[PDB]
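[1] Task: produce atomic coordinates for the following.
(chains A and B)
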Amino acid sequence: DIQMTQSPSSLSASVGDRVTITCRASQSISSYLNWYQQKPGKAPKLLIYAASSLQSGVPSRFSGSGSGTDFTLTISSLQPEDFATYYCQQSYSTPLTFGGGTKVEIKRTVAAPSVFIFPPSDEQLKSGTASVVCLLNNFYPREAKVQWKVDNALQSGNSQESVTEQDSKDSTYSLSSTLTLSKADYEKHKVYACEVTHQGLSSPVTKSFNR
Amino acid sequence: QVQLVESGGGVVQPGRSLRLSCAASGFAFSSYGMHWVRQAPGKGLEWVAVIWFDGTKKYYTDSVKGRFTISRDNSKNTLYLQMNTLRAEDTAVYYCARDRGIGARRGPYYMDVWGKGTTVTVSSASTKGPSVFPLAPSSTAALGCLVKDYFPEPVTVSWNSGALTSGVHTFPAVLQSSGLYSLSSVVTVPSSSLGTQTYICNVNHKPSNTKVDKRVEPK
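    Residues are numbered from 1 along each chain as shown, chains lettered A, B, ... in the order given. Here you go, the structure:
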């Protein structure tokens, strides 16, 4: 099998910026490499085939180069419709393999998250489960760290989080983290805290409540 | 006009079977190789299988060998994927794509035309409507609704019957270890507004015919 390593996995840029994406093959695949663009909820769209051949109708600001193991996709000046995820694909031998993808996102100024914590409702507690929610709102960049502490015990493995896509009007992100406990474990403890780390904050921000 | 129309996806239990169809129009179907490519939720593209233009040579990724069968009916201009012995990891959007091929042997070259995809969900969970719990605001304030323990996707969430849109963030669903999905929808409002303004999240889970209007108040 031929592994295709794509880098970087993500990048932020502005309109008019030049963008370079790299795909590396585990062995020589000659020029049998293709580049695809994909937007959320949409099928992939072919941009370049045979390493350097533009698919008909693809704007000329897209270009591809390389042969053997090293390949590059270049957008000479980024346009608003170019913010998407890009995939490389070797077509040299089966099994056909794709790169892990490169997500091109919008560049903006740092914005710290507004943090809120939500205790479980009494309604849910009658069901036998307690969900505690921490909301990180309208921040940039996307990377943020959330730590759950119950009576100063770090919670690990009992939380899930999801992140929105960049807001259309301000390009911020929002993140929610849900800590799931049984009702018995929730009633056994008092202090519930969500500690947020972000580059917009000079030191971690903790929001908490006492049951 | 070149078209690849897909169908046949659905929600099934592990061990069960599905058959996907990809009906082509607007080109010489019998002169193209055809691929199946899948994309699990939030993941990348994974090649599944290919079939030659004349239906002779077929190739598969290792994880579907002996379970999936690619085939084509050139008289109907249709490509198929018989998916047997399904596993939870087979959950993905499945795309078909044409490949003109290269060489006298006609090995894969590039995929220039794609179907829009059909969704396959493999899970031992059964259909269940969600419970809607409030995310009450306390002491610019944030509130929302926790739409927990439903299957399958999707649910829709609006606020105040569509009349409240700005400040609203409806997060992507997460799959819990129970096999049930959960998502949260939040909205920020001015702190002053809370005393008089009314706030209701409108939750609709069509697969279970569950419709819930939940009002969110300060506790």
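[2] going forward, measure contacts between C-alpha atoms and count neighbours the same way
    OK.
[3] how is chain B carved up into domains?
    B:1-124, B:125-219 (curated CATH domains).
[4] Columns mean neighbour count and distance to residue A:30 on top of these, output as CSV?
    Formatted as CSV, the domains of chain B follow (neighbours: other C-alpha atoms under 10 Å in any protein chain shown; distance: least, C-alpha to C-alpha, whole Å):
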stretch, mean neighbour count, distance to residue A:30
domain B:1-124, 18, 12
domain B:125-219, 17, 40
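[5] Throw these into a markdown table and include distance to chain A, thanks.
    Below are these laid out as a markdown table (distance: least, C-alpha to the nearest C-alpha, whole Å):
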| stretch | distance to chain A |
| --- | --- |
| domain B:1-124 | 5 |
| domain B:125-219 | 6 |
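[6] Can you spell out the domain ranges of chain A, please?
    As assigned by curated CATH domains, chain A contains the domains A:1-107, A:108-211.
[7] So which residues on chain A come close to chain B?
    Selection of chain A residues close to chain B by C-alpha under 8 Å from any C-alpha of the partner chain yields A:32, A:34, A:42-46, A:49-50, A:91-101, A:116, A:118-121, A:123-124, A:133, A:160-164, A:174-176.
[8] Selection in PyMOL covering whichever of those residues are buried, please.
    Buried residues among these (16 or more other C-alpha atoms under 10 Å in any protein chain shown), as a PyMOL selection:
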select buried, chain A and resi 32+34+43+44+45+46+49+50+91+92+94+95+96+97+98+99+100+101+116+118+119+120+121+124+133+161+162+163+164+174+175+176
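[9] now, which of the residues of chain A next to chain B lie within helices?
    Among the residues of chain A next to chain B, the members falling in helices (DSSP state H) are A:123, A:124.
[10] What sits closest to residue B:45 if chain neighbours are left out?
    Spatially, and ignoring its direct neighbours in sequence, residue B:45 is nearest to residue B:39 (5.0 Å; C-alpha to C-alpha, 6 or more residues apart in numbering or on different chains).
[11] Report the contact partners of residue A:123.
    For residue A:123, the contacting residues are residue B:133, taking C-alpha atoms under 8 Å, 6 or more residues apart in numbering or on different chains as the criterion.
[12] actually residue B:106, sorry about that
    Residues near residue B:106 by C-alpha under 8 Å, 6+ apart: B:52, B:100.
[13] go with 6 Å
    Shown in contact with residue B:106 (C-alpha atoms under 6 Å, 6 or more residues apart in numbering or on different chains): no residues.
[14] does residue B:105 count as helix, strand or coil?
    Taking DSSP: H, G, I helix; E, B strand; the rest coil as the rule, one finds residue B:105 in the coil state.
[15] before we move on, back to that, ok, which of the domains of chain A comes nearest residue B:116?
    Residue B:116 sits nearest to domain A:1-107 of all these, at 5.3 Å, using C-alpha to C-alpha.
[16] returning to what we had before: does the residue nearest to residue B:45 really touch residue B:91, like I thought?
    No - at 8.4 Å, residue B:39 does not count as touching residue B:91 under the criterion of C-alpha atoms under 6 Å.
[17] rewinding a little: got the domains of chain B as CSV, with distance to residue A:107 columns?
    Shown next, in CSV, are the domains of chain B (distance: least, C-alpha to C-alpha, whole Å):
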stretch, distance to residue A:107
domain B:1-124, 22
domain B:125-219, 20
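[18] Go through those and name the closest to residue A:188.
    Closest among the domains of chain B, using C-alpha to C-alpha: domain B:125-219, at 21.7 Å.
[19] Endpoints of the closest one, how far apart?
    Start-to-end span of domain B:125-219 (C-alpha to C-alpha, to the nearest Å) is 34 Å.
[20] which residues does the residue nearest to residue B:45 contact?
    Residue B:39 makes contacts with B:45, B:92, B:93, as judged by C-alpha under 6 Å, 6+ apart.
[21] How about residue B:44?
    Each residue near residue B:44 by C-alpha under 6 Å, 6+ apart is listed here: residue A:100.
[22] Pop out the phi and psi values for it.
    Phi and psi for residue B:44, reported as degrees, to the nearest 10, are phi -90, psi -170.
[23] what about it, distance to residue B:92?
    According to C-alpha to C-alpha, residue B:44 and residue B:92 sit 10 Å apart.
[24] for residue B:52, same thing?
    Taking C-alpha to C-alpha, one finds residue B:52 at 24 Å from residue B:92.
[25] Residue A:130: what's it in contact with?
    Taking C-alpha under 6 Å, 6+ apart, we find residue A:130 in contact with A:120, A:180, A:181, A:182, A:183.
[26] gap between the two ends of stretch A:110-117?
    This stretch, stretch A:110-117, spans 22 Å end to end (C-alpha to C-alpha).
[27] Give me the residues contacting that stretch.
    Stretch A:110-117 has contacts (C-alpha under 6 Å, 6+ apart) with A:133, A:134, A:135, A:136, A:137, A:138, A:139, A:140, A:200, A:201.
[28] Quick check: closest non-adjacent residue to the fifth one.
    Okay, so that is residue A:137. For residue A:137, ignoring the flanking residues on the chain, the nearest one in space by C-alpha to C-alpha, 6+ apart is residue A:174 at 4.5 Å.
[29] The one you found contacts residue A:140, correct?
    No - taking contacts as C-alpha under 6 Å, residue A:174 lies outside contact range of residue A:140: 8.9 Å.
[30] State whether residue A:181 is indeed within a strand.
    Yes - counting by three-state DSSP, residue A:181 is part of a strand.
[31] quick one: contacts for it?
    Residue A:181 neighbours (C-alpha under 6 Å, 6+ apart): residue A:130.
[32] same thing but at 8 Å, please
    Neighbouring residues of residue A:181 by C-alpha under 8 Å, 6+ apart: A:129, A:130, A:131, A:158.
[33] residues near the last one, how many?
    Other residues near residue A:158 come to 11 when the count uses other C-alpha atoms under 10 Å in any protein chain shown.
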